[PDB]
Amino acid sequence: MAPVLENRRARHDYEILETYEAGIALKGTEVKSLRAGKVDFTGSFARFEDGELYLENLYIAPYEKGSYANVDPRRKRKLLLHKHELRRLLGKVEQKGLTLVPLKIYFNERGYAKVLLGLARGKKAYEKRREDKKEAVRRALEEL
RNA sequence: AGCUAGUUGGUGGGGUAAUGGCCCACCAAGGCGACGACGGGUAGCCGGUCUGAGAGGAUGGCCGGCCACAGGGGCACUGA
RNA sequence: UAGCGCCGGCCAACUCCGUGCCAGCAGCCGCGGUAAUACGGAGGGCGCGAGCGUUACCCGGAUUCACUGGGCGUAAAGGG
RNA sequence: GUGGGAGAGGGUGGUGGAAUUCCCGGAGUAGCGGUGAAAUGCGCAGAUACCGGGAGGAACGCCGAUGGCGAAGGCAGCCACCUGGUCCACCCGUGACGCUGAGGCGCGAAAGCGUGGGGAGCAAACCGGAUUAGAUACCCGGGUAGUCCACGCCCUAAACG
RNA sequence: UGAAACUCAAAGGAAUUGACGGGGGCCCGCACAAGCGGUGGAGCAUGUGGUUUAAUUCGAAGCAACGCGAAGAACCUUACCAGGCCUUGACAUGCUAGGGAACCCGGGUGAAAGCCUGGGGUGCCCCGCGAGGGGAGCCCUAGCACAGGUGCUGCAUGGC
RNA sequence: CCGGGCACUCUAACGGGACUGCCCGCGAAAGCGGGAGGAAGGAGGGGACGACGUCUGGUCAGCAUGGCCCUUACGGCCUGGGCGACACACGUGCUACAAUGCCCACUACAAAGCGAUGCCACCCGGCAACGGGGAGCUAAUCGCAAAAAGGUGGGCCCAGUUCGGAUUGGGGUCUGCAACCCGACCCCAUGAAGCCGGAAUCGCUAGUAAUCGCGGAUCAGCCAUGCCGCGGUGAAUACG
RNA sequence: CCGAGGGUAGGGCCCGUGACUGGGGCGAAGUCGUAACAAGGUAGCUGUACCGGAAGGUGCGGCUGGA
RNA sequence: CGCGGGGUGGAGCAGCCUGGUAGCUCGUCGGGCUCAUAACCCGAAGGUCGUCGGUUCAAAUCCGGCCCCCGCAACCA
RNA sequence: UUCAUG
RNA sequence: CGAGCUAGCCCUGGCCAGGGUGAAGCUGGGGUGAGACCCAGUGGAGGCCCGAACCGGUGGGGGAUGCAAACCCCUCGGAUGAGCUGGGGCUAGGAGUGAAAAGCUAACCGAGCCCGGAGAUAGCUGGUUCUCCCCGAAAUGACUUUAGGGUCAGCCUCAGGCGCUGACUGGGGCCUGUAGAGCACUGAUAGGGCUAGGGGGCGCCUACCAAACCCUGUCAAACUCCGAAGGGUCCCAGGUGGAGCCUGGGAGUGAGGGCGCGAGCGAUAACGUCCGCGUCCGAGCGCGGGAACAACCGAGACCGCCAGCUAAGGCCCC
RNA sequence: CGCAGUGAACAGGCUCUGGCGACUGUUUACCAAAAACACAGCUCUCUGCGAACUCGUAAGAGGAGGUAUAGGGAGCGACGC
RNA sequence: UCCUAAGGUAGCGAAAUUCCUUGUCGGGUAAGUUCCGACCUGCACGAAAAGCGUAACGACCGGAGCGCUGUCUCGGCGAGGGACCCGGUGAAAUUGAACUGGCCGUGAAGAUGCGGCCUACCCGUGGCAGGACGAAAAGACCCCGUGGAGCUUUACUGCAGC
RNA sequence: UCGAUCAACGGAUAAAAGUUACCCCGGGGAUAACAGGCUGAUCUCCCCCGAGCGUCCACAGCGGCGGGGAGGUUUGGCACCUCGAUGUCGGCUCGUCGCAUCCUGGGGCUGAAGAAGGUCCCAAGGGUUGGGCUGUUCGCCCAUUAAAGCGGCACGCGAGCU
RNA sequence: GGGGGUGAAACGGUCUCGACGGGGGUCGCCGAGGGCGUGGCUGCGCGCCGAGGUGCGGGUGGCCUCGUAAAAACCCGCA
Ligand SMILES: [Mg+2]
Ligand SMILES: [Mg+2]
Ligand SMILES: [Mg+2]
Ligand SMILES: [Mg+2]
Ligand SMILES: [Mg+2]
Ligand SMILES: [Mg+2]
Ligand SMILES: [Mg+2]
Ligand SMILES: [Mg+2]
Ligand SMILES: [Mg+2]
Ligand SMILES: [Mg+2]
Ligand SMILES: [Mg+2]
Ligand SMILES: [Mg+2]
Ligand SMILES: [Mg+2]
Ligand SMILES: [Mg+2]
Ligand SMILES: [Mg+2]
Ligand SMILES: [Mg+2]
Ligand SMILES: [Mg+2]
Ligand SMILES: [Mg+2]
Ligand SMILES: [Mg+2]
Ligand SMILES: [Mg+2]
Ligand SMILES: [Mg+2]
Ligand SMILES: [Mg+2]
Ligand SMILES: [Mg+2]
Ligand SMILES: [Mg+2]
Ligand SMILES: [Mg+2]
Ligand SMILES: [Mg+2]
Ligand SMILES: [Mg+2]
Ligand SMILES: [Mg+2]
Ligand SMILES: [Mg+2]
Ligand SMILES: [Mg+2]
Ligand SMILES: [Mg+2]
Ligand SMILES: [Mg+2]
Ligand SMILES: [Mg+2]
Ligand SMILES: [Mg+2]
Ligand SMILES: [Mg+2]
Ligand SMILES: [Mg+2]
Ligand SMILES: [Mg+2]
Ligand SMILES: [Mg+2]
Ligand SMILES: [Mg+2]
Ligand SMILES: [Mg+2]
Ligand SMILES: [Mg+2]
Ligand SMILES: [Mg+2]
Ligand SMILES: [Mg+2]
Ligand SMILES: [Mg+2]
Ligand SMILES: [Mg+2]
Ligand SMILES: [Mg+2]
Ligand SMILES: [Mg+2]
Ligand SMILES: [Mg+2]
Ligand SMILES: [Mg+2]
Ligand SMILES: [Mg+2]
Ligand SMILES: [Mg+2]
Ligand SMILES: [Mg+2]
Ligand SMILES: [Mg+2]
Ligand SMILES: [Mg+2]
Ligand SMILES: [Mg+2]
Ligand SMILES: [Mg+2]
Ligand SMILES: [Mg+2]
Ligand SMILES: [Mg+2]
Ligand SMILES: [Mg+2]
Ligand SMILES: [Mg+2]
Ligand SMILES: [Mg+2]
Ligand SMILES: [Mg+2]
Ligand SMILES: [Mg+2]
Ligand SMILES: [Mg+2]
Ligand SMILES: [Mg+2]
Ligand SMILES: [Mg+2]
Ligand SMILES: [Mg+2]
Ligand SMILES: [Mg+2]
Ligand SMILES: [Mg+2]
Ligand SMILES: [Mg+2]
Ligand SMILES: [Mg+2]
Ligand SMILES: [Mg+2]
Ligand SMILES: [Mg+2]
Ligand SMILES: [Mg+2]
Ligand SMILES: [Mg+2]
Ligand SMILES: [Mg+2]
Ligand SMILES: [Mg+2]
Ligand SMILES: [Mg+2]
Ligand SMILES: [Mg+2]
Ligand SMILES: [Mg+2]
Ligand SMILES: [Mg+2]
Ligand SMILES: [Mg+2]
Ligand SMILES: [Mg+2]
Ligand SMILES: [Mg+2]
Ligand SMILES: [Mg+2]
Ligand SMILES: [Mg+2]
Ligand SMILES: [Mg+2]
Ligand SMILES: [Mg+2]
Ligand SMILES: [Mg+2]
Ligand SMILES: [Mg+2]
Ligand SMILES: [Mg+2]
Ligand SMILES: [Mg+2]
Ligand SMILES: [Mg+2]
Ligand SMILES: [Mg+2]
Ligand SMILES: [Mg+2]
Ligand SMILES: [Mg+2]
Ligand SMILES: [Mg+2]
Ligand SMILES: [Mg+2]
Ligand SMILES: [Mg+2]
Ligand SMILES: [Mg+2]
Ligand SMILES: [Mg+2]
Ligand SMILES: [Mg+2]
Ligand SMILES: [Mg+2]
Ligand SMILES: [Mg+2]
Ligand SMILES: [Mg+2]
Ligand SMILES: [Mg+2]
Ligand SMILES: [Mg+2]
Ligand SMILES: [Mg+2]
Ligand SMILES: [Mg+2]
Ligand SMILES: [Mg+2]
Ligand SMILES: [Mg+2]
Ligand SMILES: [Mg+2]
Ligand SMILES: [Mg+2]
Ligand SMILES: [Mg+2]
Ligand SMILES: [Mg+2]
Ligand SMILES: [Mg+2]
Ligand SMILES: [Mg+2]
Ligand SMILES: [Mg+2]
Ligand SMILES: [Mg+2]
Ligand SMILES: [Mg+2]
Ligand SMILES: [Mg+2]
Ligand SMILES: [Mg+2]
Ligand SMILES: [Mg+2]
Ligand SMILES: [Mg+2]
Ligand SMILES: [Mg+2]
Ligand SMILES: [Mg+2]
Ligand SMILES: [Mg+2]
Ligand SMILES: [Mg+2]
Ligand SMILES: [Mg+2]
Ligand SMILES: [Mg+2]
Ligand SMILES: [Mg+2]
Ligand SMILES: [Mg+2]
Ligand SMILES: [Mg+2]
Ligand SMILES: [Mg+2]
Ligand SMILES: [Mg+2]
Ligand SMILES: [Mg+2]
């Protein structure tokens, strides 16, 4: 029921080489909050641990109908890919120096949520500032 | 930014070791106030101490002087 | 018995490793994004040493309340 | 003080023409208006332009300026009245009467407000026309308060040299 | 008349060098204008985006990437994917060392590579009519340092 | 083709020639407007040439290279596939959409080139691509080679056509161990879209644009219509 | 009589708090316009009034820190 | 609870005439412009016409009736 | 003389 | 005809005890250049304040055939004003007057009262006065500005004429399409088999997820291949009865109701409502039973009788 | 001197707020006195005087022996905005 | 984006207006459907049928405190005038006759009167009011009347006036 | 032969709309609102079947889908008495009754260790509070209580009152 | 206290919009996770009972030798 979400800083931070419509296996209740918009990806990507992907460190609120049936909210959820795609990205992590970041969590005609993963390079826009006068002149005094 | 009505002054007392509205009677309208009265906040004050180039700024612990307090407040007695 | 601070500049004393805008540092400027003399450790150094640092407070720097010792066109400031 | 001087200094009272609008009459005919270009609008109900007469309001072209006066605001047709400031000369008189001034008091553009009056132009608001993505704006048509007078308040300003 | 809380490490004045201007002046270039022929319409070729894919290798991204690196992709190229495989290896040597030392011929398994496999067997250092032994190139085995990377980073770089 | 021979065109060295050099007008001078002679004019026309630096431009995938990472794999070998896929979009080009055009024949006219495991003359065979002999060339000597557009005179008759040549089927030749993904051509069928193009946009100031072919590179073949060069015909306009 | 203290009633000053609200600072590369600085594409700023989501616009006047 | 009024493109709406002839703005997709997004320009495309049953040759059109939405009433006691 | 933003 | 109440106005008289606040002025002072202004005093202003008379009537209580067809008590509002009030006067009926309520206008005003038209009209309610005897309804249809009324027909009576025709029955002959029942049609249908179009991957393909057929099942007011009881009509008969048919006079009635049966509406509710066939009450509750009780059961009251037999119902007593 | 001194009688309960109406008034005689009506004030409109308007068939009268700062009507109802 | 002539401005705002509604928060109270202050998805405020304020004022209306109290928990006592007794004068509305019990039924559907039972000597006086569908007013609400008025109007038709 | 949405269609006028809470008259229980009645759809109660819960186990407690009643207190339906009047909501006052019980007294089961409680059977003899808000019955609360009963009696009660 | 409504969207008809692991099943040859294997093929099969060996030997039970009976230490302390 939720619209397309946004990984705001990752869309505006990492260069998206290509995408995948991945999948998430929700571990039992973390559904309606993601169906109402409670998701914040800041400090999260999708990390493998030697066989499979987990969407790491994603904070979703435990739903308030479960008065005591809450879940640890920022966890590593079992992401879903294909198997050749999965071992492909498992290779590509060590081939190219990537980081695998989500872009959105959008729903399909089966009424399911799919986390749109995407590749990174870094998109290094960070300006290493040119040297001010009071360091260039003491480097020049060293050069004297 | 006005304040004060024992407030300001006199006379006559009373009390005090003693002057004094220190307190009481009667009369007189006075006393104070932008040189900061009144109200509020803060504060023991000073020799000093610290700092400062000096002027000054801060501070008043210990030591020394003085006031005030002795659970808060009032009150006299005794006695120099 | 020798420790504590500090080593980007101010401020005396610099390399390596680990970290990768994270963990963290910080008094200001700012460092941190994969070669970090600014973070964490080691080496080395510097300062002080039974102390070294931090904090708060005060004075100095602050000529930044200017009496010594500032200004007022445009900088804050001329009153219509 | 004596003699003058210049001045949009201020206030009162008149007064003059141009121009705008409106009215009235004469003529007039298919448009005028408007912009960068248009439409809105005004117009065959005789509009625009043109002539003549009248009303009435406001500002005063040229002179006129890099001018003058005023303490500041400001102040501009001309006349008269009342009146301030200021300057020159004479060196005539007073004999330091001086200067600045917190608080005061007065003046204080323009806007604004009150009570009347006046209302021609201009014109916030407002309505329309385009404009533009949108336009609450520029541009254009209209259009009230206001602008104006008198009294009375407001008392700010890039009240700046 | 006129605060503080809180916040900022600046706010700001003049001036300089630039950049910019829907600012000016002057001057220019196929920049416009004047022309002629095109593209965009169509079919194809090639390159690219995207999608697909097991992979559709990667890089280039306004001008200044897009008939470009690619002045030759059936395999080679090929870096990619799939599968068969090999491990100090296609290679550069250099060491310890039983071995074979230069090398030729095939057979079998196999998609090929690879792996398994049998017949001829070295002048020379040499003391040699001697048994031969130290032992010099090269080559295979077991190892060693290492080779290798079209893996990343052209904001760490040279070069261009 | 030579016998005689080099006159020339040429070839490729070395030289000259063009500099405001002359003269006039303007002008302080530089220089400008013009003229003459010259083959040429006021940088004669083109190249190569691209400053200090910017875009933290591009390339670690041409190489070199610091750093980090893989080291029975991210290395290495091979077979096969892909790099060519396709719902579409884009960029650059090519052919087109015709009668100034197209088809067949015939005859001209270039420079630049490039070739001993190559270019292949000239025959024979095959309509043809090509195949079998084989001449010459170590190449101003032989070859690619035909030049095309032009011209000649025959066709077509404004027609989606004798325009167009995409597509698809069939017959084949070469290269290569190998043409199915995916080669090039040849031939015979096929004959589509397309009848000058939206909003926009590009190229060009003289041998330029336009049109036409040729060569080369890499290369077994080739994707080539691309690129790099060469010449043939050869404009309009630039008021400003 | 005065008298500390207590009460009552009403003042003053200061402080905490108060649904809600007006603004203010400050966040993350939010939305919305483009007001300013270039004749900021309507010269700007200010007084004041009115209006307008909003910067702002317009009127009257000033100023030049505009031509 | 009863009247009457709508249902039409992603949304907002014209409509559709006895039934046969369906569109408009914005949005959309592709292009063009732009350094890039806006804006603007060019090509189209999109709809079981509220479901359902009815007479009809044929329904979106006309007749019912049912579901959502709108506007009304729900008065006298 | 038009025309908003990174 | 009334403004003798009241509402307003005109003229002319009256009335308002007493206190209190302290306005403008005026006087003096402060101030200033002059003032504005600010103090004190003085003054006496007011739809000013408290408050009696007076006017009014706010809240409550009493009163309620009262003391009174508006009162009394307590409490209140105004009380020098838009005041109150005496006298003299004006205005009058769709008109006056109104500080507005449609209030007031002679004790009841959305149009006074009195007389007259006028014995208005009343589809309405009431009421209708002696006796006996005979016969005796209806509450239905059509139409109504009609629904409580009326016209006509139906039912009723009277008189006359006609003379077995009448209700009822028997015999015949028909008509019809209800109850039943059945799928022959129009539809709805349940299970199984067969098999056209969509759904599972869809190339032929896969469960009654699905037409027609097919056996077996059913249902219908708007279905009938059938279809009775009956009912209607005609004829031939029985039928002498407050039977009929016709003409004329007089009507009443057109609010019906219960019960039974057939149905509708409702809920397979109502002493519900609307019909059809009756019946009964209406008008027979007059009587018996039902405990009582119009319509249930029995039965049609001319009168009498201290006779009898009986119906429904009873038989222990009441 | 009383418990008590307007010693009896007459003789205000007050405050905080909020609505509505500015206020004082006036009304529904005889169930409503109010948040109604009026009210000064505000604007609109009409009327140049044989005035509009009103009453009356007409004269005539009110208007008014008034004259736009005046009358008639309508609305709102002090004041502030 | 459609419609309009135009889409409600300021100021108010669950209101004398808010249906849902006791909106939802606050405040007061122990507890507050009312009150006050707020927020405003205002069925349906809103600018001279004026809007929002407003000091004074009000026999207005709403809500709180304080004081005081028989208003009340919850009543009590006492006086006076009636009431009650006696003497005097002595009305009234109403009235079918009444020799007028209660309950279960029943009946025009709410009985003293009918049936069954159960109580019950005849007659008063003072009382309370439950019944006699008590009285009063030929319902004042509703309906019918082809009634009647008042009033309105872009009902119809006239007339005044113009 | 033509002029009728004279369609209110056997056609009142050739021509006609509203309102009355300012009302008035004649009438009606022919015709409503209150109440009663008949009914019992709805409402309240208990009653069957028992899927299914209740870890297990239909039944301690529950009880789908459905069914059968009772009671007349709700909202109604019907219009039968009353419109020549049956005064009408609530409160006060006084009560009285029913049981389908809220306590209290008994008791059964219990998923009843004890204390509690739940549910069901008997059981009206006695109770069943004081407040805040609202006109309120009813509710929401406040503080209690052993419990703060559900009703009827013309939604008891106005010839008793407000 | 009841009526309405959702707390993943065709008034049914499918699938984890496809994939990830966790459960189970299918397919094959890969010959082997395990193994009955299985016949063309192709033997004389060598363990007891035993003692010993390298530079001064605790180790090392057959890591080797060998039959009327006897041979070498592949490593460890290693002055
Ligand atoms: Mg940064
Ligand atoms: Mg940086
Ligand atoms: Mg710096
Ligand atoms: Mg002493
Ligand atoms: Mg003293
Ligand atoms: Mg100092
Ligand atoms: Mg003390
Ligand atoms: Mg003490
Ligand atoms: Mg002493
Ligand atoms: Mg140093
Ligand atoms: Mg970290
Ligand atoms: Mg540190
Ligand atoms: Mg690193
Ligand atoms: Mg480092
Ligand atoms: Mg300091
Ligand atoms: Mg200092
Ligand atoms: Mg000084
Ligand atoms: Mg400044
Ligand atoms: Mg200044
Ligand atoms: Mg003047
Ligand atoms: Mg001057
Ligand atoms: Mg002198
Ligand atoms: Mg002004
Ligand atoms: Mg004003
Ligand atoms: Mg003014
Ligand atoms: Mg517009
Ligand atoms: Mg004004
Ligand atoms: Mg001023
Ligand atoms: Mg100002
Ligand atoms: Mg100035
Ligand atoms: Mg100035
Ligand atoms: Mg431009
Ligand atoms: Mg094209
Ligand atoms: Mg084309
Ligand atoms: Mg690419
Ligand atoms: Mg390029
Ligand atoms: Mg290939
Ligand atoms: Mg290949
Ligand atoms: Mg080896
Ligand atoms: Mg880096
Ligand atoms: Mg570079
Ligand atoms: Mg040249
Ligand atoms: Mg590298
Ligand atoms: Mg790379
Ligand atoms: Mg290299
Ligand atoms: Mg490899
Ligand atoms: Mg390629
Ligand atoms: Mg092309
Ligand atoms: Mg041709
Ligand atoms: Mg060549
Ligand atoms: Mg040959
Ligand atoms: Mg050659
Ligand atoms: Mg040649
Ligand atoms: Mg073209
Ligand atoms: Mg164009
Ligand atoms: Mg070539
Ligand atoms: Mg190529
Ligand atoms: Mg953020
Ligand atoms: Mg601006
Ligand atoms: Mg701007
Ligand atoms: Mg601008
Ligand atoms: Mg402008
Ligand atoms: Mg400027
Ligand atoms: Mg505004
Ligand atoms: Mg602005
Ligand atoms: Mg404006
Ligand atoms: Mg459409
Ligand atoms: Mg729609
Ligand atoms: Mg009503
Ligand atoms: Mg333009
Ligand atoms: Mg623009
Ligand atoms: Mg923006
Ligand atoms: Mg008379
Ligand atoms: Mg009067
Ligand atoms: Mg005086
Ligand atoms: Mg007085
Ligand atoms: Mg008075
Ligand atoms: Mg009275
Ligand atoms: Mg009084
Ligand atoms: Mg009074
Ligand atoms: Mg009084
Ligand atoms: Mg009289
Ligand atoms: Mg009247
Ligand atoms: Mg009347
Ligand atoms: Mg009358
Ligand atoms: Mg009569
Ligand atoms: Mg008559
Ligand atoms: Mg009738
Ligand atoms: Mg039947
Ligand atoms: Mg059938
Ligand atoms: Mg049929
Ligand atoms: Mg029949
Ligand atoms: Mg009738
Ligand atoms: Mg009878
Ligand atoms: Mg009987
Ligand atoms: Mg017998
Ligand atoms: Mg007294
Ligand atoms: Mg009043
Ligand atoms: Mg009255
Ligand atoms: Mg009053
Ligand atoms: Mg009254
Ligand atoms: Mg007069
Ligand atoms: Mg009013
Ligand atoms: Mg509200
Ligand atoms: Mg409320
Ligand atoms: Mg509360
Ligand atoms: Mg209350
Ligand atoms: Mg409203
Ligand atoms: Mg108005
Ligand atoms: Mg108000
Ligand atoms: Mg009052
Ligand atoms: Mg109260
Ligand atoms: Mg009492
Ligand atoms: Mg008796
Ligand atoms: Mg009875
Ligand atoms: Mg009897
Ligand atoms: Mg009684
Ligand atoms: Mg009665
Ligand atoms: Mg009656
Ligand atoms: Mg009638
Ligand atoms: Mg009348
Ligand atoms: Mg007429
Ligand atoms: Mg007629
Ligand atoms: Mg009719
Ligand atoms: Mg009346
Ligand atoms: Mg009235
Ligand atoms: Mg009754
Ligand atoms: Mg029942
Ligand atoms: Mg049942
Ligand atoms: Mg009952
Ligand atoms: Mg009835
Ligand atoms: Mg009645
Ligand atoms: Mg137990
Ligand atoms: Mg009881
Ligand atoms: Mg009752
Ligand atoms: Mg009563």
# chains A, B, ... in the order shown; residues from 1 in each chain; ligands from 1
$ residues_around --residues "stretch 9-16 of chain N" --least-positions-apart "3" --cutoff "9 Å" --atoms "only C-alpha atoms (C1' of nucleotides)" --output "MDAnalysis selection string"
(chainID A and resid 110 112) or (chainID J and resid 199 209)
$ residues_around --residues "stretch 7-23 of chain G" --least-positions-apart "6" --cutoff "7 Å" --atoms "only C-alpha atoms (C1' of nucleotides)" --output "number ranges by chain"
L: 25-26, 38
$ write_last_selection --atoms "C-alpha atoms (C1' of nucleotides)" --output "PDB file, in the first residue's frame"
ATOM      1  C1'   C L  25      -7.729  19.743  24.677  1.00  0.00           C
ATOM      2  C1'   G L  26      -6.903  22.850  28.751  1.00  0.00           C
ATOM      3  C1'   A L  38      -8.223  27.479  23.104  1.00  0.00           C
TER       4        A L  38
END
$ residues_near_ligand --ligand "ligand 112" --cutoff "9 Å" --atoms "only C-alpha atoms (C1' of nucleotides) and all ligand atoms" --output "ChimeraX atom specification"
/L:32,34-35,62-64
$ write_last_selection --atoms "N, CA, C and O atoms (P, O5', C5', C4', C3', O3' and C1' of nucleotides)" --output "PDB file, in the first residue's frame"
ATOM      1  P     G L  32     -15.622  16.447  35.710  1.00  0.00           P
ATOM      2  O5'   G L  32     -16.994  17.173  36.014  1.00  0.00           O
ATOM      3  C5'   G L  32     -18.170  16.827  35.301  1.00  0.00           C
ATOM      4  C4'   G L  32     -18.776  18.018  34.603  1.00  0.00           C
ATOM      5  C3'   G L  32     -17.852  18.792  33.667  1.00  0.00           C
ATOM      6  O3'   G L  32     -18.619  19.281  32.583  1.00  0.00           O
ATOM      7  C1'   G L  32     -18.745  20.248  35.247  1.00  0.00           C
ATOM      8  P     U L  34     -21.924  21.338  27.510  1.00  0.00           P
ATOM      9  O5'   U L  34     -22.561  22.499  28.378  1.00  0.00           O
ATOM     10  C5'   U L  34     -23.907  22.883  28.179  1.00  0.00           C
ATOM     11  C4'   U L  34     -24.364  23.813  29.263  1.00  0.00           C
ATOM     12  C3'   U L  34     -23.522  25.049  29.462  1.00  0.00           C
ATOM     13  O3'   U L  34     -23.718  26.056  28.495  1.00  0.00           O
ATOM     14  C1'   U L  34     -23.908  24.085  31.542  1.00  0.00           C
ATOM     15  P     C L  35     -22.436  26.750  27.834  1.00  0.00           P
ATOM     16  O5'   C L  35     -21.673  27.362  29.077  1.00  0.00           O
ATOM     17  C5'   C L  35     -22.210  28.457  29.789  1.00  0.00           C
ATOM     18  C4'   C L  35     -21.208  28.962  30.771  1.00  0.00           C
ATOM     19  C3'   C L  35     -19.908  29.403  30.157  1.00  0.00           C
ATOM     20  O3'   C L  35     -19.987  30.709  29.631  1.00  0.00           O
ATOM     21  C1'   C L  35     -19.483  28.039  32.026  1.00  0.00           C
ATOM     22  P     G L  62     -30.443  32.446  33.792  1.00  0.00           P
ATOM     23  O5'   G L  62     -28.997  31.924  33.433  1.00  0.00           O
ATOM     24  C5'   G L  62     -28.847  31.003  32.376  1.00  0.00           C
ATOM     25  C4'   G L  62     -27.415  30.867  31.953  1.00  0.00           C
ATOM     26  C3'   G L  62     -26.425  30.532  33.037  1.00  0.00           C
ATOM     27  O3'   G L  62     -26.493  29.190  33.472  1.00  0.00           O
ATOM     28  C1'   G L  62     -25.527  32.202  31.700  1.00  0.00           C
ATOM     29  P     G L  63     -26.348  28.847  35.029  1.00  0.00           P
ATOM     30  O5'   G L  63     -24.792  28.952  35.260  1.00  0.00           O
ATOM     31  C5'   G L  63     -23.912  28.205  34.453  1.00  0.00           C
ATOM     32  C4'   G L  63     -22.489  28.449  34.842  1.00  0.00           C
ATOM     33  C3'   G L  63     -22.210  28.521  36.319  1.00  0.00           C
ATOM     34  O3'   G L  63     -22.166  27.246  36.911  1.00  0.00           O
ATOM     35  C1'   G L  63     -21.045  30.220  35.210  1.00  0.00           C
ATOM     36  P     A L  64     -22.012  27.105  38.489  1.00  0.00           P
ATOM     37  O5'   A L  64     -20.446  27.100  38.688  1.00  0.00           O
ATOM     38  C5'   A L  64     -19.891  27.433  39.935  1.00  0.00           C
ATOM     39  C4'   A L  64     -18.643  28.246  39.786  1.00  0.00           C
ATOM     40  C3'   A L  64     -18.121  28.827  41.076  1.00  0.00           C
ATOM     41  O3'   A L  64     -17.324  27.904  41.778  1.00  0.00           O
ATOM     42  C1'   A L  64     -18.246  30.518  39.466  1.00  0.00           C
TER      43        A L  64
END
$ select_by_dssp --residues "stretch 1-138 of chain A" --states "alpha helix (DSSP H)" --output "PyMOL selection string"
chain A and resi 8-11+32-36+83-95+133-138
$ residues_near_ligand --ligand "ligand 18" --cutoff "12 Å" --atoms "only C-alpha atoms (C1' of nucleotides) and all ligand atoms" --output "list in words"
residues 72, 73, 74, 75, 76 and 77 of chain C; 11, 12, 13 and 14 of chain E; 65 of chain G
$ residues_near_ligand --ligand "ligand 99" --cutoff "10 Å" --atoms "only C-alpha atoms (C1' of nucleotides) and all ligand atoms" --output "ChimeraX atom specification"
/J:101 /K:27-33
$ interface_residues --of "chain A" --to "chain C" --cutoff "10 Å" --atoms "only C-alpha atoms (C1' of nucleotides)" --output "PyMOL selection string"
chain A and resi 122+124-128+134-135
$ residues_near_ligand --ligand "ligand 83" --cutoff "10 Å" --atoms "only C-alpha atoms (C1' of nucleotides) and all ligand atoms" --output "ChimeraX atom specification"
/J:93-98,102-105,109-111
$ residues_around --residues "residue E:100" --least-positions-apart "6" --cutoff "12 Å" --atoms "only C-alpha atoms (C1' of nucleotides)" --output "PyMOL selection string"
chain E and resi 121-122+138-141
$ residues_near_ligand --ligand "ligand 105" --cutoff "10 Å" --atoms "only C-alpha atoms (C1' of nucleotides) and all ligand atoms" --output "PyMOL selection string"
chain L and resi 14+18+21-23+33-34
$ write_last_selection --atoms "C-alpha atoms (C1' of nucleotides)" --output "PDB file, in the first residue's frame"
ATOM      1  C1'   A L  14     -18.973  23.592  18.847  1.00  0.00           C
ATOM      2  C1'   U L  18     -22.378  23.413  15.995  1.00  0.00           C
ATOM      3  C1'   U L  21     -21.790  16.790  19.994  1.00  0.00           C
ATOM      4  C1'   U L  22     -21.084  15.650  26.340  1.00  0.00           C
ATOM      5  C1'   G L  23     -16.307  17.588  19.117  1.00  0.00           C
ATOM      6  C1'   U L  33     -23.928  17.571  28.921  1.00  0.00           C
ATOM      7  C1'   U L  34     -23.908  24.085  31.542  1.00  0.00           C
TER       8        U L  34
END
